[PDB]
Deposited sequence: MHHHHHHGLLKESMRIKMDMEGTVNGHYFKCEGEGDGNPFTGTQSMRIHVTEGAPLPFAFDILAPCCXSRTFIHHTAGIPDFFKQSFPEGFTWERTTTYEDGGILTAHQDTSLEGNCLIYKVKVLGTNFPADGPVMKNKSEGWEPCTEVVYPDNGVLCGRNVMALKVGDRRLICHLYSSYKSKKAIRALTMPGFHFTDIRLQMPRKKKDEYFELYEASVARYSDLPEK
């Protein structure tokens, strides 16, 4: 009963991408049980961003996943203690984006602290030339490994009619004692991450919906 149908989100992000330093602050809200959320991000240092904020959008919220079919919820179970995650995203045109994140809960507010390091994005690519148009929907593969939740994802950055593919390797670690938590089995998480509004490469708005589920295909 620690989580409410309306939760606040506060986020602080610090990072360097291809040598450009930046800091971001985010305020957001969402319904963790229907799995929907939104966030407003202001780049407070390093604006205007000289690269596509799309690559930072997936670093900006796992408590807001609608879990179906009785799949245990690693993230909601982790409270009040909270959790962390770490991720590396490899872009097929060379870029690498790694991030570490800490998620805590105070009252009605989820608190996110994010560190980001991105390297080797091609200077002529859509990320550094800031020519991307958001992400396709995606489906993460999620599975346990000795109390750590592992994630594997294929995402597609929209560049006109073309798609730049990247590969996400994630680990989610609970701060709760492993014995007080029931790990899920192998499953999938549909995610649709959208950026409805952006301004001056400094203000961004994100919306996300997520659903944890099993395969829709029947087992013969």
Sequence ranges without modelled C-alpha atoms (deposited numbering): 1-7, 68
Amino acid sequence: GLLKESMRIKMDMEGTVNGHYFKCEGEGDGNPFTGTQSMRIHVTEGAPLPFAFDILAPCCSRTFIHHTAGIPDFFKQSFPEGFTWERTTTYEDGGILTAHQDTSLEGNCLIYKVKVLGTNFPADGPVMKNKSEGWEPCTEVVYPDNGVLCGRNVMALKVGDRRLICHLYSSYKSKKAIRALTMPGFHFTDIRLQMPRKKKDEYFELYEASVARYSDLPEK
From here on, numbers count along this sequence of modelled residues.
Averaging CA B factors per stretch from the PDB record, which one is higher: 178-186 or 26-34? 178-186
Averaging only over Cα atoms, indicate whether 66-74 or 150-158 has the higher B-factor in the PDB entry. 66-74
Among 117, 123, 142, 138, the highest C-alpha B-factor in the PDB entry belongs to 123
Based on what the PDB entry reports, which of 103, 130, 88, 108 has the top C-alpha B-factor? 108
Based on the deposited C-alpha B factors for this chain, I'd like to know if residue 49 is in the lowest, middle or highest third. highest
In terms of its chain's C-alpha B-factors, the third that includes residue 80 is the highest
